[PDB]
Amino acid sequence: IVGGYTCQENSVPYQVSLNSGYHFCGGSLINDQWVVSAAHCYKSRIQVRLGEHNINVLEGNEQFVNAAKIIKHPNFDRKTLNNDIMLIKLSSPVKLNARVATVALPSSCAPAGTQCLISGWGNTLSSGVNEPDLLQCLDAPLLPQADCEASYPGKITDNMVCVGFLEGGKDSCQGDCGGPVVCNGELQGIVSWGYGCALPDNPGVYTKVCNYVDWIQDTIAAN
């Protein structure tokens, strides 16, 4: 998260860190045994880290659970990032509490101008890399589809939405991939891609979760 603020400890209880020896992506807990992330975050084994604030210090509220099934959307395209969405079924259900909680799926697609919360332990710099120890948050609004298309001609499909600021300075970045964009209590976006990080005229692009509520429910049901 570039240009954000440190989240209060455990105030974004659905945020998880995907770890394979180091933090590499975010995700969001949607039920006691499943997390939603981005397909670009796929790995053969993943440990899901819930209840975290400092990812390098054990502060007392972590729950670490291995991923049992890792399911990328069947039409994910690694080159255009269309359908960048993946579900992770945990090897056991987590203990839900005030610091480890679910976030709701969208009941409708959100309109341009809705204010949202984006979070993660991704790079916090617009040039080079800095990996933060503490979870970072960013308040940012969904942008009109026409601004998103004009910023990345021919690359935005109907399963993508831009969120952020055309002036640059505040954005998500690598390592926040797969994490949440929550608006008014529902998960509307998943960190996906962007040109650079926090650059003017290059807002963050996110998977539009309101297009996959059926796929999510169905998958959960079959697995």
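Quick note: we count residues from 1 along the sequence shown, nothing fancier.
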Could you check the entry and say whether 210 to 218 or 196 to 204 has the higher mean CA B-factor?
210 to 218
Residue stretch of maximal mean CA temperature factor, 68 to 76 vs 85 to 93:
68 to 76
Per the deposited entry, the peak Cα B-factor within the set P153, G113, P132, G120 goes to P153
Which one of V100, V103, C148, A140 shows the biggest C-alpha B-factor in the PDB entry?
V100
Third of the chain, ranked by Cα B-factor, where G168 sits:
middle
Split the chain's modelled residues into thirds by Cα B-factor; is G51 in the lowest, middle or highest one?
middle
Sorting by Cα B-factor within the chain, modelled residues only, which third would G175 end up in: lowest, middle or highest?
lowest
Splitting the chain's C-alpha B-factors into thirds, which one does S37 fall into?
lowest
Chain thirds by Cα B factor, record data; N61 belongs to the middle
